[PDB]
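Reading through the structure tokens given below for one structure.
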Amino acid sequence: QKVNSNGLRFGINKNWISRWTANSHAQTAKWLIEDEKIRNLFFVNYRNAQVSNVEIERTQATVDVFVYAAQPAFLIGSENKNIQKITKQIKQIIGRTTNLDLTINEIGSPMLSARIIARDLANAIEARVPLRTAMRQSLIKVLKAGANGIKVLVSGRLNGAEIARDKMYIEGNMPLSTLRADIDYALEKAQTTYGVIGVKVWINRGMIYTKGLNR
Amino acid sequence: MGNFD
Amino acid sequence: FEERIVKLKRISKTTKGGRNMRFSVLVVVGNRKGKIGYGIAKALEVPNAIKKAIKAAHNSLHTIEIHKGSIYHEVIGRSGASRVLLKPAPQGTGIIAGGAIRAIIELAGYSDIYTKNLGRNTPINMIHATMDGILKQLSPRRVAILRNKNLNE
Amino acid sequence: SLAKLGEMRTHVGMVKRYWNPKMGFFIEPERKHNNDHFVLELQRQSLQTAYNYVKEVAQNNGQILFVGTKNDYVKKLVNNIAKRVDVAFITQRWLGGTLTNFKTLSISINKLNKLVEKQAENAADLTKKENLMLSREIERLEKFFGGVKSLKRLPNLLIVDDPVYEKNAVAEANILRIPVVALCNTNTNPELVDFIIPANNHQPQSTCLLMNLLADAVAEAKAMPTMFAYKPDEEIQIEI
RNA sequence: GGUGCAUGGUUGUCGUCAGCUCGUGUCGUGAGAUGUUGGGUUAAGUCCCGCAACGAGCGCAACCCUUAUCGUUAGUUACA
RNA sequence: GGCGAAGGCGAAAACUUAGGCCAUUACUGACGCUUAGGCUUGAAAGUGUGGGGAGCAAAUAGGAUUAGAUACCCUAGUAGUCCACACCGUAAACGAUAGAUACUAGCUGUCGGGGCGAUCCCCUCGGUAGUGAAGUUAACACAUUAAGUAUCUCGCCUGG
RNA sequence: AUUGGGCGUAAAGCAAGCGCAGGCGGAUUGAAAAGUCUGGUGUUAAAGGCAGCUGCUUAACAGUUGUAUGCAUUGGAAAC
């Protein structure tokens, strides 16, 4: 019905995640067709570390994966027993085309990033959690960080079949008249034996001064 | 309520 | 306090498109020491309505007498032709009343009373009939003072 | 003396043929003027009882509120008096939802104080629009609920010129068992109000001296110099 | 390959519309009403007035980019 | 606004009559009320007996037009419609609101008597409404003129 | 539906009136005590209601004891 929240304020007022440029229709086609897959496969299996995002920097046959993990201890493990297979699998998924040069750094305030929240909610959905209890736990976690208004919506069944109940949430400051609100939005499609469930999280990150232009 | 308490 | 829910009703409003439900829950809070309240809550989430009704009943507690866990006189309550029988009973005999009536009398900290639930017995009607049958109770000493002659009658 | 009959030469009659028969004990037989006249002796006794009662309760610093919402004259007098002495007063009408809950007043006064300190620390550094708007809401809210910011407890007694004229507020006082004094004219119920004061408001002298006497009672109850407690000087004021 | 009343998303849509609501209080014995209601004032539930309504969210106006006026760094392969 | 128990009722002149209120220090001193049944009255329309043909109008018919018509729009037109007598003995005959009895805040109305006195201002005694109190009905609302309170009386009602 | 119903809007007041028998009952005085309750006696069976006890190797079954309203007769009640 409406345009994506991350397709309106992102790209003209919000910092990008994938930042790369080179000659088009020659090699950047492979870049575009490969970076999305590697980013998705990072989240597919490595949910233990609860990484937030990886910034991709593809400029003249080099890539710099800016890894941000809330709990990089899973990646570190013991005597770096996990980074070896991580490096080897990124090498396999990237081939001999470009350098890897992965980095390790802790991300500040990952709670405001709904991507990890969407990942946890999808894990809960595929773990057969009560919906109300999951929503209450998400509310507890977000109020622990003291964030702004949060909207957690669900599309699909309610642990049943042939949906026949009502649901409607509008909570918290979500201003659209002002373009200085800085609200992010994440969506995740979790799978269960009865179908697919779409969890949507809108998170307001609060107003800050001198915004309206991308940093 | 004659007295105050 | 027991916080036992006594009723849950599926209600809704009609629009030109869909139908917006606001199903309600009615609960009673009673410590069995003489503080009784009833609260209703209309919401969209069952636990939310439950907690709202619980809090409303907690703030709506009203004091009642505790005299040997029984009324010292017979009385016939009535709330719109919905009459309730309140005939005092001996101790150690057993409670003979309706499920809502038994819940009300137990949460009130009372003993066995010969009752009967006739007339319109809608849950709210039952609550009204019971409260009318219990709000008119007095104190025998006070009733004695309210007359020229004192007899503790 | 207190509640003397010297000022009670124009003190009877407020309305005609709009009366409650349940108020007949506090009044004297009617005249051709059809004004509902008041007995000046039972009124004096009730005034003395109310005076000593409020003196006793406010000597222990009981919370007292003022509600005077007449057109211009009694309202202006209440404003001047309640501004002269540091007392609580609400000279405007009642929209409800305030007296019922202290929680409905705590947040209100917190926001009021926050806006006051913001305007004290703001010097049009933001745009003029926001500063002017904030000052406008401050003035608007303080014009009704702005005369009372010194209370930290529940009210204990209320003063109203006419309960039916402010029945909503009376309802807000009916939930609590606190007493209340009122200048009942002829059409009130002596069960929702504890203190019955048979008096009129069609004359300036009656209502003005009643309000001033109550104000002096409250002031002297707070260990303050006496102004009008036994003075025979009848101050002359006309409705204007 | 069927399965879009098993579905996620997606779309134009009433509509760029101002309606839709959260809590608290009052009243009803409940469906609920008071806001959401009336006079002004706007594209507008923007506000005022009266006002059992009170605070708050939602859409709104300001926060984005061209245009008019000027200043500024500012130069060709522009001015010449 | 009124009369009469409910129908129903207005140009006037007259004929006999009741009922209706008020006070009644005068009169019997219990003679009171209701009441199965029976009886009386009982709108409008219809039936039979002669005027009747002013109008209206049933039976209709014509035109119009309905994909539509024993109707709709208009016209020609029929017993009846009015008067006197027998057969209506019937209805939202409803105040959708049984009768009678006595009592129960208060404000604004109407008139007749009573007075003050010019009617006019006022109130008393009776018919007559509205606002509105308690109380009650689920509410509507009734609201001392109740759809209130209680008693007597019959009649009715127990899913359609 | 005599405890234990209503008859305006759910079905529930004949169209209304006279209206007999009959029903109800305005205060008080006298009597009968006619109705009423009480007091005495008797009538009220067997089984069986009620409770104590009894043989039922507790238990079904049955038996003892007193006991279930009510009626006749006799002395009253003045409240109805």
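Note on naming: chains are A, B, ... as they come in the structure tokens, residues start from 1 per chain, ligands start from 1 in the order shown.
Once residue 72 in chain G and its same-chain neighbours fewer than 6 positions away are set aside, residues 41, 42, 43 and 44 of chain G remain within 12 Å of it when counting only C-alpha atoms (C1' of nucleotides).
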How would the residues just picked look written out with C-alpha atoms (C1' of nucleotides) as a PDB file, in the first residue's frame?
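Written file, result14.pdb:
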ATOM      1  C1'   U G  41     -61.036 -36.378  77.051  1.00  0.00           C
ATOM      2  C1'   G G  42     -62.035 -39.359  73.034  1.00  0.00           C
ATOM      3  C1'   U G  43     -62.034 -40.272  67.664  1.00  0.00           C
ATOM      4  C1'   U G  44     -57.319 -40.647  63.975  1.00  0.00           C
TER       5        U G  44
END
Subject >> Expected answer as a PyMOL selection string: alpha helix (DSSP H) residues in range 13-142 of chain D >> reply: chain D and resi 42-59+73-84+103-121+128-142
Subject >> Within 12 Å of chain D: residues of chain E, using only C-alpha atoms (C1' of nucleotides), as a PyMOL selection string >> reply: chain E and resi 23-27+34+47-55+62
Original post:
What is the distance, in Å and to one decimal place, between CA of residue 126 in chain D and CA of residue 210 in chain A?
Top reply: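 One can read the CA of residue 126 in chain D to CA of residue 210 in chain A distance as 13.7 Å.
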**OP:** Would you mind telling me which residue in F:103, F:61, F:87, F:95 lies nearest to residue 75 in chain F when using only C-alpha atoms (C1' of nucleotides)?
**Re:**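 Result for the nearest residue to residue 75 in chain F: F:61.
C1' of residue 90 in chain F sits 25.9 Å away from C1' of residue 59 in chain F.
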